[PDB]
Structure formats: C-alpha cells, structure tokens
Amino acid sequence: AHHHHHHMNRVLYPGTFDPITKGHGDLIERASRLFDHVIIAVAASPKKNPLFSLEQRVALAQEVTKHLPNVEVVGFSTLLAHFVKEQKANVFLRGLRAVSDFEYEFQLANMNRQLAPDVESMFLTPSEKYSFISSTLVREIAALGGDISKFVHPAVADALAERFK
C-alpha cells in the first residue's frame, strides 16, 4: 500500500534523560527540523535508580524544548514496544555518537523490531561539539561541585545545584 501525499512521521526519542544534556538537546533540535512530530519519551527506569524523579526529568526536558513548535514530552513506565503504539509513533529515534555503545544499540533495535516490527529504528548524529557528553559523567561532576554549565542547559544546571546543596 502507498499514497502520494506528505508522509507524516511521528518520531519517538526514548531515554532516561537523568538529566537531559546539550547532547540530547542538539539531537532534539535536529529531529525537530527534520520530522513532523517529535515525542520525547522519558522512561521511569526505576532499576537505574535515577538521580531525578520522573516528573522532574520530564519537566526539565519540557523546559529545554518548549521553544520548539513540534516537540512533546511524555513520561512512561511501561514497555517501550507497547508505549510506542499508544503514542501512534512509527519511528524510534536514537543518538549515534563516536562513543556510543554500538553492540547494545543493535540488540535493542533487533529486539524491538521483533516486538514492534512496523516501527523503524533510526539514528541521528549530534554535533561534534556535544557528542562526547555523558549523562552519567554530568551527575558525577556535579556531585563533586564541578562546573556543568558547558554540558547542560542552564535550567538543568540549576536543578543539579539545588539537588546537591
């Protein structure tokens, strides 16, 4: 089956975003210009014991992206393969970086294709300037009182400052 009008893709960008970084933000900007709708899907990830609560991670992601006209931020505690269908999304968006865990990305892709075969797995690459930022290293630098303003949006930096003192 096919049609000849504009294909409206709804792209879902899943992650823990603990916290969202300039790396994520750069990727979201690029996705926003390329696609019709972009859904930031913040997973509970309770077994990752996130520093920030789910609602706060969602709130930070919304604040970082509120200026974009076609971006929505939603938290979810369920299986990604089911959530993507609840969200009527047809593409998984993932960040691809020189330091990405390539082995893990392909197990994730192959397995979600088994669970949701009609949802495409797609990778964008972030700016070289931000491609090496790690959410984990941001938390560790912040807890030891490091300047994280170069890695995260100012609101995330403030949330981190309040979080540790």
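The first residue of the shown sequence is 1; numbering continues from there.
For the segment pair 95 to 103 and 109 to 117, the entry gives 95 to 103 the higher mean B-factor, averaged over Cα atoms. The PDB entry reports B-factors from which the mean C-alpha value can be compared for 40 to 48 and 26 to 34; the larger average falls on 40 to 48.
Among the modelled residues of the chain, residue 141 sits in the lowest third by CA temperature factor in this PDB entry. When the CA B factors of the chain's modelled residues are split into thirds, the value for residue 163 lands in the highest one. Among the modelled residues of the chain, residue 68 sits in the middle third by CA temperature factor in this PDB entry. In the PDB entry, residue 9 places in the lowest third of its chain by CA B-factor. Per the PDB record, residue ranking by Cα B-factor puts residue 133 in the middle third of the chain.
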